[PDB]
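Take a look at this one chain, the form deposited in one PDB entry, written out in structure tokens.
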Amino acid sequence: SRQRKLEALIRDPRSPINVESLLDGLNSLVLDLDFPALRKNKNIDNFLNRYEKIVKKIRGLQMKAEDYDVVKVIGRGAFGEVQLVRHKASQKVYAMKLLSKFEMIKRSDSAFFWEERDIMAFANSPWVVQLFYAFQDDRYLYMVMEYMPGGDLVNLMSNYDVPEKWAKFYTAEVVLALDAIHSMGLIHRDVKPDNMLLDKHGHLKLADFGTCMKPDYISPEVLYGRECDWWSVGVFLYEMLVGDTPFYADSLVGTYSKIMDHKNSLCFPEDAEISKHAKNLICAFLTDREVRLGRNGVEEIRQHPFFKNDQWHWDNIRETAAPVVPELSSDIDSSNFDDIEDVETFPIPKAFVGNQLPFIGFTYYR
């Protein structure tokens, strides 16, 4: 009557009280209590003695980091690292992103991962890196994703002088990816080549959504709407064609000052060639917000003359042949990823603290 409606809420995996969330709620509770200090309270000690045994079983059964073998580390970021991994049981290969709980609490920002998870879990988009499994332990959050063995576009740009044909393609794929993120009612903000990866067939998918909300690449307005992503597309196209970013400076303060002054501070080096159409398009993205391209939807971008080739159409671009198909030795060839160089947890508390509380609901099995 009501109890149908209730059982609906428990079965919906978008709901914050799905079964995974409720078990997080239990494991989180136990972890924030099981310290010999807090077991001085009888209420706690009783409760813990009951659930002690069952929770230790649950942990065995739930997905955990010991289910995977780490092959190589392939990424490092603010709050953790990205690992190439093999699921021991299934033998399949994934990319797994880790996030230190200690660090996220300590340094202010510990909400970003919700949208990141949801985007990757639920986009059904071939422009988004799909999330398969999210889970957690005492120390870390984990996100198991489809590995993208073609690497980022920094790694592409460093290894190729990039012709205009290639840039038409990679740009077009970006404008499509963003339109999808926009269709989901999100602004990326931090659009850049490090957040642009290449699949087994050298086609684009986006990853790292830490910034999605409901320096060189940043827009003036940021220093407020979706148009700021489209700025960053202009900057990208420029870096591909020219070689440097269009507001490069020695200092960061220099870069900022240049971005503000963009009306004056943008000229195109005469030693690099670039078409009129391509010049025009970059300038159309690098205006003030009020008359920037992509305010009035995606379609005005799509019909811009620059994008005319006799190679692909907008509806079929991702199903055409990519510029650079990677050649890969095995299911673990991380040749398009540079190697990586090289931990403090919470204090044992005296009273109750609730460190695990902002991570209840994270766990997701697809």
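Residue numbers run from 1 along the displayed sequence. Take the two forms, find the largest set of C-alpha atoms that superpose within 1.5 Å, and that set is the rigid core.
One more form of this protein, deposited in another entry, exists but is not displayed; see below.
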The mover among 44, 298, 63, 322 between the shown form and the other one, judged by a CA shift of 2 Å or more on the rigid core, is 44
Tell me, please, whether between the shown form and the other one the C-alpha of residue 17 is shifted by 2 Å or more, with the rigid core used for superposition. no
### Core-aligned C-alpha movement of residue 348 between the shown form and the other one, 2 Å or more
yes
- Task: Align on the rigid core first; then say whether the Cα of residue 312 has moved by at least 2 Å between the shown form and the other one.
- Result: no
